[PDB]
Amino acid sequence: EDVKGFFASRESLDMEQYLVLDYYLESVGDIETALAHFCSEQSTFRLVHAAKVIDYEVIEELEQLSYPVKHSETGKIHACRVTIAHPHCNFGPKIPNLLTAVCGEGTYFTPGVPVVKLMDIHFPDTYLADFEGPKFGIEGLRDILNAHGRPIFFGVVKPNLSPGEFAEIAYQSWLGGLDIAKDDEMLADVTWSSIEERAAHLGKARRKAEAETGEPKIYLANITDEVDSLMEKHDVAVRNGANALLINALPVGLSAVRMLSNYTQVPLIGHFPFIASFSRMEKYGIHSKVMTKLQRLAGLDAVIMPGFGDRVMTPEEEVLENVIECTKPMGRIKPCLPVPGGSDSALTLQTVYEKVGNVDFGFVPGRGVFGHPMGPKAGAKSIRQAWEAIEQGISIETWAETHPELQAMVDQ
């Protein structure tokens, strides 16, 4: 009768053979018993195949679960933070198998553990050695744009229009200094706007804008589609002048992202639909930073994510942790570009740069580029003017005094 077979010191294990997982959970009844059950349900106690508790913290006794969950369990309720060593031989370097083991039936259906949140995953170099990661990363993107020492400026072309109407809006934004003009993540391959039609027009406007400005520009085409169509969509879009591709990572699945990443001739950027369904509860589900880390592992060169601003429904601390997962060392896996999209404009650029602490982010003005009173071109110009005020250590308001496009933005 042995709960203690699911407990090990980190020092006693060959940690190259284990992933390290961090969970929040609420247990019912004897704590160590619940934790062994949790370990057993996610694995087997085979010495080679059991997941093992390497540390835990009891936070507090609770009078009640945080969320009502049907359970027949009897006993004291405790909140716990738990660290588990999980042998990666059980699943291998395969994203669906990883998900199955660390957030699968054992994770959420262990008797006596009704409330669980997967908080972090740490991968040893041995495990990472079987993954490719981003082909391009931050520095591949910067090389394409010849954009050095500054944030990367994104524009979501509004509205969503015929390929030729879209095209002239995008063209103006690039002329005024935007790096990347993208499709909305809800705008892929449809009847009024096929990927073939859109990509031809946008590719022509992109190469024209590169010749008129003397600077590289990116057309970011959304190719979200059925898994069996993604390679063909890549080929149509690239042939026509898209030089970066957007994918909705969770709706297509992280394994599909990995396959497209191995194929792609151009940077891939991931958007965030679906993730909130399992990451919003503060004490249940999967931390959004785990997903950001997984998208990077799968090979996205940039990750669009919720950003800063009081109207964004993700805590600021959580945004900053997602930012770090994109940029931090991870074996030989390239860093990807964090693109925190909040209630942003020329007026919020300084705040975001200050919160991030470096220039390795993408900025997406939600308003005041395409909504700017002087047009899309002057809206893009106001963003570049605000960046230059920041480089000079001058206030936005002082800079605006001599730069009319930025002044119009301060006016609203």
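Numbers for residues come from their place in the sequence shown, where the first is 1.
Chemist: According to the PDB entry, how many deposited residues between residue 160 and residue 161 are absent from the model (none, 1 to 3, 4 to 9, 10 or more)?
Modeler: Missing residues, residue 160 to residue 161: 1 to 3.
Chemist: Going by the record, give me the number of deposited-sequence residues missing between residue 44 and residue 45 as none, 1 to 3, 4 to 9, or 10 or more.
Modeler: Unresolved stretch here: 10 or more residues.
Chemist: Per the PDB record, is the mean Cα temperature factor higher over 373-381 or over 31-39?
Modeler: So the stretch with the higher mean C-alpha B-factor is 373-381.
Chemist: Mean CA B-factor: is it higher for 348-356 or for 64-72?
Modeler: Per the PDB entry, the higher value belongs to 64-72.
Chemist: Per the PDB entry, which option out of 339, 156, 252, 245 has the greatest Cα B factor?
Modeler: Highest C-alpha B-factor among the listed residues goes to 156.
Chemist: Whose C-alpha has the highest temperature factor in the PDB entry: 281, 237, 209, 186?
Modeler: It is 186.
Chemist: Residue 135: which third of its chain by C-alpha temperature factor?
Modeler: CA B-factor rank for residue 135: middle third.
Chemist: Split into thirds by Cα B-factor across the chain's modelled residues, where does residue 182 land: lowest, middle or highest?
Modeler: Within its chain, residue 182 is a highest-third residue by C-alpha B-factor, going by the deposited values.
Chemist: Taking the entry's C-alpha B-factors for this chain, is residue 401 in the lowest, middle or highest third?
Modeler: Its C-alpha B-factor, which the entry lists for residue 401, ranks in the highest third among residues of this chain.
Chemist: Name the third of the chain's ranked CA B-factors that contains residue 51, choosing lowest, middle or highest.
Modeler: For residue 51, whose C-alpha B-factor we compare with every modelled residue in the chain, the answer is the middle third.
Chemist: Pull the Cα B-factor of residue 120 out of the PDB entry and bin it into the chain's lowest, middle or highest third.
Modeler: CA B-factor rank for residue 120: middle third.
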